[PDB]
Structure formats: structure tokens, C-alpha cells
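Just one chain follows, in the form deposited in one PDB entry, and it is written as C-alpha cells.
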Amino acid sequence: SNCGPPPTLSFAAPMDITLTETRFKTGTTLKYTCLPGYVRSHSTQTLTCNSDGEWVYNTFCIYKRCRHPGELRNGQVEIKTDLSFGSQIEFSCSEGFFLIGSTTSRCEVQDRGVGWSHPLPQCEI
């Protein structure tokens, strides 16, 4: 009827490092918060121990998303999927130019939010 320790979530971590007593009264609720790279997407950020001794919860975080990094002078910035945490964009140079720098960049954790892994390259010559 009671719960063991909660599953680790890929998108959130429990508030308050408590001794995490290996067992929990049925009906206990634990408070979570979104991991870096993630934003809140539901009102209830909890796991609760149900009557069957199991932790229950929904996916209450979604990916953060990066600012569009702007235009590439004499080039093109190609969105491949979106600008969400984990996604990659591609860079290319117009016919008369050489790309100097990276051909890709990736939305990653930066500061307390999210940002581009690589700086825009240059299109030159």
C-alpha cells in the first residue's frame, strides 16, 4: 500500500534534499521543480503516492526554447526542427563566400536559461 523511493525524472528534480527515507506513507505528495533546460507546463508539479503503492504524476515540464539567433550576413540560418532545448540549427554561405566558424549550433543550458552552443560563423571572401 505504501511507496518506495520515487523514480528519477529526466525533466525535473525534487525540491528539498531530504533524507529520502526509503519509504513513504500512502498519499504523500512530493514537490518538484523543472530541471535546467526545462519550463513549467502544468499547474501540479508533484508525484503522489497512490493507494497501490505507486508514484503518480504527469509530465509537468517542457523544453525551454532559445531566442532565434538572427541573420547570417551573406548567409542562411536553417532551422531543422525547432529552437527547443536539444535542437540544432545549420549555417551556410552564399555562392561567393567561405564559411568560417561552425556549420551548426545547438540550443543548450546557459546561465539559468538556455542559449546557443556555438557563435554564428562568418561568411567571407
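Heads up: residue numbers just count along the shown sequence, starting at 1.
FYI, the form deposited in another entry isn't displayed, but the following is about it.
Asker: Hey, with one rigid portion rotating against the other between the shown form and the other one, which of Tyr63, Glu78, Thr103, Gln45 would you call the hinge?
Answerer: That leaves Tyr63 as the hinge residue.
Asker: Specify closer or farther for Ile62 and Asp82: how their Cα atoms are spaced in the other entry versus the shown form, given a shift of 3 angstroms or more.
Answerer: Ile62 and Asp82 sit farther apart in the other entry.
Asker: Are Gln88 and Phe11 closer or farther apart at their Cα atoms in the other entry than shown, with the shift being 3 Å or more?
Answerer: Distance between the C-alphas of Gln88 and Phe11: longer in the other entry, by 3 Å or more.
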